[PDB]
Amino acid sequence: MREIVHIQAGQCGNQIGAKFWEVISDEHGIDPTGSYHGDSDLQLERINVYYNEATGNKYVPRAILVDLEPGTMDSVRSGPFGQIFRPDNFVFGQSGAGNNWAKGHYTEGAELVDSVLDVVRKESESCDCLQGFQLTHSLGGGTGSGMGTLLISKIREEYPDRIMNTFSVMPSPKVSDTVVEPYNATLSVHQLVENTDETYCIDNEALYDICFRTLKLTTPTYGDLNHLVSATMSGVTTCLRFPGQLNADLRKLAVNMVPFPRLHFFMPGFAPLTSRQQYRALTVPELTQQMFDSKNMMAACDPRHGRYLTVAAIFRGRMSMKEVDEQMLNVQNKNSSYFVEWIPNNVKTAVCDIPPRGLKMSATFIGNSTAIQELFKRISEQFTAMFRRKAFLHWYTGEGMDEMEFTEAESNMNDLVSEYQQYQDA
Amino acid sequence: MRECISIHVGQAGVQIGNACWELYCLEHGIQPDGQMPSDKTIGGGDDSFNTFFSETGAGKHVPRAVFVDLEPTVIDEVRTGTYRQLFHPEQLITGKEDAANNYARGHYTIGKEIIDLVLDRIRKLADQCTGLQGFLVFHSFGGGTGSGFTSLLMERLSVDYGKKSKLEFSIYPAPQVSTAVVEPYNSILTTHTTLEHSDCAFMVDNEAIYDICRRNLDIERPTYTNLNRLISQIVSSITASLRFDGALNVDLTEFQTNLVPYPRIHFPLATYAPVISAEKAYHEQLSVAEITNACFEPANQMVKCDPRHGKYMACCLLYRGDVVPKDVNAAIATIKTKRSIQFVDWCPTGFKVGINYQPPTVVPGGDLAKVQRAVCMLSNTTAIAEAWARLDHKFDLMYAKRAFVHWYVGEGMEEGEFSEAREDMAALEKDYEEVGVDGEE
Amino acid sequence: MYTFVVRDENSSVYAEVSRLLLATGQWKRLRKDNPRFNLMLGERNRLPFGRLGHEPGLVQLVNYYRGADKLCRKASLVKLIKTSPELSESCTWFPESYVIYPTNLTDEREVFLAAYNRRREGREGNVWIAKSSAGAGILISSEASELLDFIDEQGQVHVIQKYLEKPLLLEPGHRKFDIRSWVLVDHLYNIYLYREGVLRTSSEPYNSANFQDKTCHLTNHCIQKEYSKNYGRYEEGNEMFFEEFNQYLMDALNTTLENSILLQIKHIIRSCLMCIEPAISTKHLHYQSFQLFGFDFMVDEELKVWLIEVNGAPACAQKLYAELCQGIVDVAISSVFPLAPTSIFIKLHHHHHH
Amino acid sequence: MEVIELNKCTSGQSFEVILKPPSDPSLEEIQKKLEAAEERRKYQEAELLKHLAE
Ligand SMILES: C=C/C=C\[C@H](C)[C@H](OC(N)=O)[C@@H](C)[C@H](O)[C@@H](C)C/C(C)=C\[C@H](C)[C@@H](O)[C@@H](C)/C=C\[C@@H](O)C[C@@H]1OC(=O)[C@H](C)[C@@H](O)[C@H]1C
Ligand SMILES: Nc1nc2c(ncn2[C@@H]2O[C@H](COP(=O)(O)OP(=O)(O)OP(=O)(O)O)[C@@H](O)[C@H]2O)c(=O)[nH]1
Ligand SMILES: Nc1ncnc2c1ncn2[C@@H]1O[C@H](COP(=O)(O)OP(=O)(O)CP(=O)(O)O)[C@@H](O)[C@H]1O
Ligand SMILES: Nc1nc2c(ncn2[C@@H]2O[C@H](COP(=O)(O)OP(=O)(O)O)[C@@H](O)[C@H]2O)c(=O)[nH]1
Ligand SMILES: [Ca+2]
Ligand SMILES: [Ca+2]
Ligand SMILES: [Ca+2]
Ligand SMILES: [Mg+2]
Ligand SMILES: [Mg+2]
Ligand SMILES: [Mg+2]
């Protein structure tokens with residue numbers, strides 16, 4: 001049993017995390033009360049990766065829910081699968097973090113973090129063989145961003161030999177709550193550069209544009225964005241949750257995907273993306289082409305603007321593996337220039353027989369592309385436009401931060417951008 | 001009679017091991033419960049099959065084998081499988097978390113903690129042997145355990161069993177079925193540290209087996225199960241001489257004597273024919289001349305390469321089934337007049353031939369058809385160096401950028417071990433070239 | 001979209017082939033170190049054949065046959081002919097030749113002298129020629145001593161060959177020549193003789209009393225354009241093509257190029273390539289080969305054709321680049337990688353029963 | 001084409017045909033290597049914990 005411990009923090013983190021557990025619970029045949037009602041042994045074979053077994057053959061998510069205000073976790077608890085979570089794994093304060101990284105990381109978050117670590121330890125202690133951790137959060141707010149990265153640092157201190165994986169929602173001016181999001185995101189990215197092994201970068205503008213342009217949703221909601229993210233998270237974790245050879249655990253995945261320690265930020269993608277023709281059969285060739293289509297990717301970065309260091313592709317459903325191999329080989333052989341030539345055979349493909357609910361087949365894309373630098377450049381530009389005038393800084397210096405820490409975060413992310421550029425030219 | 005101990009390391013080693021022991025039981029008339037009706041000496045004996053099987057007082061025939069893996073799920077198959085009664089718990093060794101496709105993790109970090117347990121279990125087997133010959137070691141190049149723990153184990157076996165022969169069966173990495181981008185690193189690191197500890201190694205390229213299964217068994221997308229059943233057939237041909245009455249390759253020492261005049265150059269090429277589909281409704285049976293001629297086709301080799309552009313140091317033909325010497329010599333004469341077969345000047349141009357009258361055994365309900373006669377050719381040809389060139393090129397591509405190197409250094413390995421290993425391979429390639437080889441116009 | 005890589009920038013023939021491939025709009029050129037190619041236009045030396053044919057989902061083709069060097073090296077060709085039963089030491093279209101290693105290094109010195117001495121005693125013509133692949137470097141002499149000593153002053157393998165004292169001389173000019181034939185062997189080992197050949201002529205009158213001045217003895221295009229005053233006097237660039245040569249043969253000797261010479265050329269080409277087919281064929285191999293060869297012939301005054309050598313990386317005559325290069329694409333490349341006449345080649349084949 | 005050393009038994013036979021004639025680290029050292037690597041992991045981990053302490 002290679003247990004993963006899941007953590008979800010702040011508003012974004014808990015809303016997406018709740019949807020994620022809804023989605024994979026349905027895949028494993030777990031109902032809202034933790035009872036199993038599936039019809040396939042494939043569903044239970046690796047169920048212990050994400051679920052603990054309670055008395056009465058109940059399955060309980062190995063999940064810790066964290067926030068600095070009670071509202072979103074109240075909603076989670078009142079939601080569809082809200083009763084499936086362990087009540088003691090709800091850890092929350094009352095004062096909130098005010099969309100402020102400093103409040104999350106240094107003041108409000110600091111008061112709460114030990115109680116979170118106590119629950120993390122309790123979950124880790126019962127693991128037969130802990131793989132590591134996966135955190136869901138946004139980078140643009142205060143709790144997920146500031147307290148989330150505080151958590152990651154303390155977890156690394158207590159579990160230095162375990163893998164740390166995040167699903168990190170990057171802010172965009174187009175789908176924005178506050179003007180200080182670029183401050184919060186820049187502060188957090190430096191934390192992630194040092195303390196995660198794998199980070200899936202989800203850009204809210206990409207999510208919005210997929211909903212509006214491709215799915216024809218006239219007025220996308222956070223709820224719509226979150227179902228996209230949930231479907232993607234289900235796809236990217238398929239290899240962890242079902243029998244398989246490739247990327248079957250967090251460490252083997254990292255060894256395959258991360259050739260240089262700092263360059264561990266992935267662009268995920270999902271297919272099919274279909275507007276409400278929705279009954280039309282999908283072919284492997286069509287899955288493959290859409291999976292690699294920039295329009296199906298979620299970092300708002302143009303892959304043709306860079307090069308792939310490594311790629312993992314996961315196909316789900318009953319389909320010809322012969323055709324999958326053929327189609328995957330075709331994509332690499334016909335656009336070979338976008339794959340760095342100094343990492344031979346850097347595209348790995350996995351197939352899982354169980355498709356997502358309500359689909360005959362689907363495909364999920366994980367790319368380690370140097371084009372991700374565009375995302376960090378955007379954040380850096382927005383950061384500097386304000387910081388050059390020290391605008392909105394008083395929210396942070398009021399929590400004890402000084403300007404030098406912002407200067408260092410800025411330099412750190414520009415270093416990261418430079419590091420991507422050198423391998424794009426290599 | 002002198003005993004041989006088989007050691008199966010990591011997923012590839014273990015699963016190939018389970019395929020081989022299954023086939024051995026079928027060949028020797030041993031049931032899944034270990035009983036062997038044809039063995040009239042209950043509870044002991046020194047027959048040729050006793051080289052691979054010991055005997056309990058209850059008449060159980062138990063493989064002289066240890067299975068080792070750093071994660072438990074593959075060996076849990078063996079504990080749980082058809083031949084579970086064959087083995088006792090002390091023969092199966094598992095850790096809790098694997099080497100993550102990382103040679104350094106397998107060799108240094110985890111290997112350090114499990115190596116003494118493994119040697120203890122091996123010692124227990126050796127204490128049952130009146131005259132231990134040495135070891136047959138099965139593993140992948142590409143896995144962290146298959147690469148890293150095997151090289152550690154091989155070093156310690158040279159220390160604890162200095163006079164004993166060690167043969168390898170090694171799975172060379174193929175991207176069509178591979179699970180890690182770093183397998184070229186692992187392959188070259190393990191080859192470097194194992195080189196001086198191995199007397200003879202049979203490399204099997206997954207690419208070759210994969211393509212034989214697709215082409216000759218009509219399997220669209222071969223599984224490890226398909227691959228391993230074919231690999232076990234070749235392994236069985238190679239070890240049959242140790243397990244049956246005969247006068248060729250009857251002990252491990254003879255493998256080196258017959259196939260390896262140059263110690264570092266200890267990688268014979270295996271070629272096997274015929275491979276026929278069991279679903280093939282109508283099959284014309286192949287003659288001694290036809291299966292022998294097939295031994296000189298790259299399409300039938302365990303490693304794709306071109307022996308026409310290399311030189312032979314030694315050649316062994318191992319037949320199973322309806323074959324007499326007269327027909328072998330007639331086939332060889334013809335083949336020499338048609339094929340490119342150059343031996344090095346300091347070796348004789350000839351063939352050592354073994355015939356076992358019992359035709360190949362096939363797993364009931366398997367992919368392979370029963371045939372009247374089959375042959376495995378073992379030739380030490382410099383052409384196999386093509387596989388080292390391929391591997392070394394991929395290694396160079398990644399190492400020039402230090403891609404993935406931090407994973408290894410992070411486990412305590414020094415970066416210098418990379419260049420040291422690669423320098424050793426460069427010399428190996430040069431050795432093959434010295435043995436093998438002599439615009440605007 | 002098919003893909004290819006270029007690894008010999010110095011090749012005119014394949015610069016043009018590359019040019020054509022791109023012009024189809026259906027071929028893409030990759031960086032020379034990208035492994036995901038359909039087609040490799042390889043380097044002349046140490047081409048990595050061992051890395052070919054291991055790319056899942058890519059049929060791979062290269063423009064050289066591994067092992068063809070046996071035919072395309074001076075010393076290797078001599079050895080191949082003497083030791084191959086299909087060719088033999090009594091082969092009639094190859095001049096009496098010997099491999100000689102400089103004494104600062106088997107070696108046929110004594111066998112050469114014995115044959116040399118026999119001629120000297122029987123009043124026979126005894127002019128031999130020393131040459132080697134390591135040249136741009138040639139010595140013609142009727143004295144064995146000069147021949148053997150000239151080779152010792154060098155450090156590479158050499159060939160001493162009987163010099164054809166009775167060449168066919170073109171008129172006017174009384175001049176020597178050699179015939180170049182271009183031959184394309186595809187992946188199926190079809191042997192294709194390009195219909196157009198070229199006569200590389202000497203613009204100096206042949207002189208058997210002076211082998212010291214080599215311009216009238218060596219027909220090489222480079223040598224003629226450098227050391228011969230009358231370059232281009234009789235024909236443009238000292239190149240006469242088959243139409244004119246045929247018209248000459250009719251006019252002067254009442255015969256045809258096909259009858260007097262080409263029959264022998266085709267015989268020799270097929271004999272050479274069929275001899276090494278088992279050694280180099282890629283029929284059941286994991287990658288495939290084709291190669292363009294340049295055969296060089298001499299004709300004596302009895303209209304007997306002699307093979308001089310085979311070139312593994314030939315250039316073409318300027319006027320013929322476009323046609324032959326298109327021919328390469330059509331039969332050697334598009335045959336394997338079809339795109340979305342009256343062939344220019346003669347397929348050499350013959351199945352006599354006995 | 002000479003056959004030599006023909007051996008026959010009930011289970012088969014073997015022979016040789018000639019077409020033409022011719023013309024370690026000690027336990028101590030392994031230990032030191034494994035302990036040296038372990039030491040380097042410890043140093044790297046110690047450095048990380050120092051960084052996190054700061
Ligand atoms: C807006 C499109 C909704 C449905 C489409 C017709 C498609 O459905 C089918 N059956 O083909 C789906 C796959 C779309 O392509 C997806 C982009 C929809 C998507 C994930 C998110 C939208 C943004 C969001 O509004 C959401 C509330 C709408 C529909 C989801 O209930 C669809 C299901 O969600 C899943 O998690 C599984 C993959 C699978 O069961 C899927 C059928
Ligand atoms: N032929 C064959 N190859 C296998 C098998 N299992 C794995 N491989 C190959 O072995 C390589 C991966 O090594 P594994 O043996 O799975 O790794 P391991 O030795 O268990 O090491 P870790 O899992 O890294 O601790 C890849 O090249 C696989 O294609 C098998 O059953 N048969
Ligand atoms: N045995 C021989 N008898 C008469 N002339 C000869 C000869 N060998 C060579 N020659 C002359 O010398 C020239 C060059 O000889 P050779 O072909 O062996 O060397 P090379 O490779 O440098 C020139 P090329 O290959 O382009 O023909 C020939 O064109 C021919 O005219
Ligand atoms: N995709 C998605 N993004 C969200 C959601 N809620 C907030 N965000 C984004 O998250 C950032 C705000 O952080 P939030 O999680 O609300 O702050 P926190 O509660 O302090 O962590 C902004 O970039 C918002 O666009 C959500 O439910 N889904
Ligand atoms: Ca407080
Ligand atoms: Ca017995
Ligand atoms: Ca030894
Ligand atoms: Mg909010
Ligand atoms: Mg394993
Ligand atoms: Mg030449």
Side-chain angles (χ1 to χ4, degrees), chain A residues 9-15 19-20 22-27 67-69 71-72 96-100 104 137-138 140-145 169 171 175-178 181 184 207-235 238 269-282 287 290 295-296 298 316-317 355-364, chain B residues 439-441, chain C residues 71-74 77 131-138 178 180 200 218-223 293-296 308-315:
Chain A
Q11 174 165 44
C12 182
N14 279 281
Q15 293 177 166
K19 292 304 293 192
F20 169 73
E22 174 169 9
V23 172
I24 70 165
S25 291
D26 173 70
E27 295 188 5
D67 212 336
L68 282 166
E69 60 192 13
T72 302
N99 289 289
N100 188 315
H137 65 153
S138 70
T143 299
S145 191
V169 179
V175 186
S176 171
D177 295 338
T178 70
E181 282 164 3
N184 298 325
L207 299 181
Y208 191 97
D209 289 335
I210 288 166
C211 289
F212 184 86
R213 296 175 190 166
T214 303
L215 303 185
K216 305 309 180 190
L217 302 179
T218 303
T219 307
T221 65
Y222 273 132
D224 293 322
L225 273 39
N226 294 346
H227 220 108
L228 259 180
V229 177
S230 294
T232 300
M233 295 181 66
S234 166
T238 289
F270 180 87
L273 298 168
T274 311
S275 48
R276 283 190 166 99
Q277 298 292 343
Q278 64 185 96
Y279 310 113
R280 178 195 189 188
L282 260 146
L287 267 184
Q290 293 164 203
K295 304 205 302 299
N296 289 61
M298 286 160 186
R316 307 180 61 175
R357 176 66 85 131
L359 294 182
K360 293 288 181 69
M361 63 184 54
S362 68
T364 300
Chain B
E440 300 314 324
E441 48 215 71
Chain C
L71 207 63
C72 299
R73 262 58 172 185
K74 304 284 219 300
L77 175 62
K131 44 183 182 178
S132 65
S133 298
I138 289 76
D178 81 313
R180 155 67 51 87
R200 293 170 289 186
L218 291 61
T219 55
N220 306 319
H221 184 278
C222 67
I223 297 178
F293 297 96
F295 283 73
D296 298 333
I308 295 309
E309 80 143 313
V310 185
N311 298 273

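Every number for a ligand or one of its atoms is a count from 1 in the order of the listing. Within every chain, numbering begins at 1; the chains are lettered A, B, ... in the order of the sequence lines, protein sequences first and strands thereafter. Excluded from the calculations below are hydrogen atoms, water molecules and symmetry mates; all remaining heavy atoms, backbone and side chain alike, are included.
Closest to atom 7 (C) of ligand 1 among all protein heavy atoms lies A:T274 O, 4.0 Å. Nearest to atom 11 (O) of ligand 1 among the protein's heavy atoms is A:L359 CD2, 3.4 Å. Scanning the protein heavy atoms around atom 29 (C) of ligand 1, the nearest turns out to be A:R276 NH2, 3.7 Å.
A donor and an acceptor atom, one from each side chain of A:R316 and A:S234, are located under 3.5 Å apart.
With a 4.0 Å cut-off on non-hydrogen atoms, A:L215 touches ligand 1 through its side chain and not its backbone. In A:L225, neither the side chain nor the backbone holds a heavy atom less than 4.0 Å from any atom of ligand 1.
Per-residue contacts place A:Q278 under 4.0 angstrom from the following atoms of ligand 1 (heavy atoms of the residue considered): 6 (C), 11 (O). Ligand 1 places these atoms under 4.0 Å from at least one heavy atom of A:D224: 23 (C), 25 (O). Taking every heavy atom of A:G358 and a limit of under 4.0 angstrom, the matching atoms of ligand 1 come to 10 (N).
In this structure, CG in C:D178 is found 3.5 Å from OG1 in C:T219, a value given to the nearest 0.5 Å. Rounded to the nearest 0.5 angstrom, A:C12 SG and A:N226 CG are separated by 6.0 Å.
Protein heavy atoms are absent from the space less than 4.0 angstrom from atom 32 (C) of ligand 1. Remark: atom 18 (C) of ligand 1 lies closer than 4.0 Å to no protein heavy atom. Distance check for atom 9 (C) of ligand 1: a protein heavy atom is found below 4.0 Å.
Considering only heavy atoms from C-beta on, A:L225 comes within 4.5 Å of A:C211 through its side chain. A 4.5 Å side-chain heavy-atom check between A:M361 and A:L287 finds at least one atom pair inside the cut-off. Using a 4.5 Å heavy-atom cutoff, the side chains of A:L207 and A:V175 are not in contact. Annotation: side chain of C:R180 is in contact with side chain of C:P314 (closest heavy-atom distance under 4.5 Å).
Aromatic ring pairs are classed by plane angle as parallel below 30°, tilted from 30° to 60° and perpendicular above 60°; the pair C:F295 and C:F293 is perpendicular.
When you scan the N, O or S atoms of C:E309 for the one nearest the Mg ion (ligand 10), you land on OE2.
Heavy-atom separations between A:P272 and ligand 1 include at least one value shorter than 4.0 Å.
Salt bridge absent: A:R357 and A:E27 never bring a charged side-chain N and a carboxylate O closer than 4.0 Å. Salt bridge status for C:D296 with C:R200: present, with a side-chain N to carboxylate O gap under 4.0 Å.
Residue A:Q11 counts as close to the Mg ion (ligand 8), with an N, O or S atom under 2.8 Å. Taking 2.8 Å as the threshold, C:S133 does not count as a candidate ligand of the Mg ion (ligand 10), since none of its N, O or S atoms lies below it.
Among A:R357, A:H227, A:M233, the residue whose heavy atom sits closest to atom 35 (C) of ligand 1 is A:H227.
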